[PDB]
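Below, in structure tokens: the form deposited in one PDB entry, a single chain.
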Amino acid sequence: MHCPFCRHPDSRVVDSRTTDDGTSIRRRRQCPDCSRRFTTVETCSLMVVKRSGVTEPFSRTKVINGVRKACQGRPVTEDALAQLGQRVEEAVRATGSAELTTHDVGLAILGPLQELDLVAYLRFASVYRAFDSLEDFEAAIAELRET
């Protein structure tokens, strides 16, 4: 890990203190040339297993794209979509699991989206839940209306 301050190769570890609550080792490293210290944290990569079966890293671009398609025409600014993507990623990482299932990403998305825009929420659910008849539409308006 080249030193950030002087770009000299092979820095040397000083401390390697694993933290418990977070599963993140915190190693302080120091450079041989400049004699300075940089803190480095190591955290497990988030990944989502798809409906197909294979696994891929979590991207907020895909969350924001999916929400943006549903919000088409509605007064939702790009700032709100970015904030929603951030909230979804935070909620996903709060569980701490390394591998999550697209289905939970969807249940995490459907929380903030419902407060963001109702029509967007139903237009998102109609593709997420794979509606087939009209009956599902007023069924969903039922659950939304109950609140």
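Residue indices: 1-based, along the sequence shown. Whichever C-alpha set is largest while still superposing within 1.5 Å between the two forms counts as the rigid core.
Just so you know, the form deposited in another entry exists too; it's not on screen, but the next bit is about it.
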After aligning the rigid core, which of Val49, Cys34, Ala80, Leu110 is the one whose Cα travels 2 Å or more between the shown form and the other one?
-> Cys34
Work out the direction of the Cα-Cα change for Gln86 and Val41 in that other deposited form: closer or farther than in this form? It's 3 angstroms or more.
-> farther
Closer or farther in that other deposited form: C-alpha pair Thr23, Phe58 (3 angstroms or more) | closer
